[PDB]
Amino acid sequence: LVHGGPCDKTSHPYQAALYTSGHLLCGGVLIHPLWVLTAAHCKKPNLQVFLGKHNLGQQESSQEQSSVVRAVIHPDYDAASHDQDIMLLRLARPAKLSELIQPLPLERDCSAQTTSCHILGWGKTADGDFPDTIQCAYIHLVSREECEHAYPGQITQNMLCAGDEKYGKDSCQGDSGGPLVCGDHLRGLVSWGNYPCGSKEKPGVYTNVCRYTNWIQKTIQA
């Protein structure tokens, strides 16, 4: 997460840390006591979901860990374009809910216009290093049109754009599948964007969570 600051330890109960081969691969959102939402490109062997995490370097009294029973990738994911970049992870055990582990409600209405949002994660920072402490950034919902010029012919009804004009706060490698929270509701998931990370000109591209209400429910109820 570029041009951000360390998060308030209490402001991210819904945050998931996805691990593979012993290193942080992705982010995720606890959306149900048994389910983590993430990006589909995060499908890597033997995923280990860590909930209630703040510092990845230290062991914490609030941390909980779980293996993945099932990883459900949207049937229409196109890895070349990131179209339908959504995955559902069935936790081995229903997560021990506390004040530091809580599900986050998803924004079902595609109409909703709370441009005032934020990103969070453990992706590579401005110094080029992976932070042990989770990074935050307040950002705004960038226009369909600006994305249509920043990214020529690479935006669909399944993608949302977000960024900050003044500082250029953006998501980066390691933040994949992390939440875009708007009005205390999940609006999107870190999918892709610009290199090097920075939303000055070219914003960050996110998965459009509202487009997947019926898919998520039909996968949770299966």
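Numbering starts at 1 and follows the sequence shown.
As listed in the deposited structure, the average C-alpha B-factor of 89-97 and of 112-120 is greater for 112-120. The stretch 124-132 shows the higher mean C-alpha B-factor when 124-132 is compared against 75-83 in the entry. Per the PDB record, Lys202 has a higher Cα B-factor than any other of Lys202, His12, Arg211, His23. Based on the entry's C-alpha B-factors, the most elevated value among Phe50, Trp35, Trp192, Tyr167 belongs to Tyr167. Per the PDB record, residue ranking by Cα B-factor puts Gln173 in the middle third of the chain. When all modelled residues of the chain are sorted by CA temperature factor, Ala222 is found within the middle third.
Per the deposited record, the Cα B-factor of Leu30 falls in the lowest third when ranked against the other modelled residues of its chain. Per-chain ranking of the deposited C-alpha B factor places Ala40 in the lowest third.
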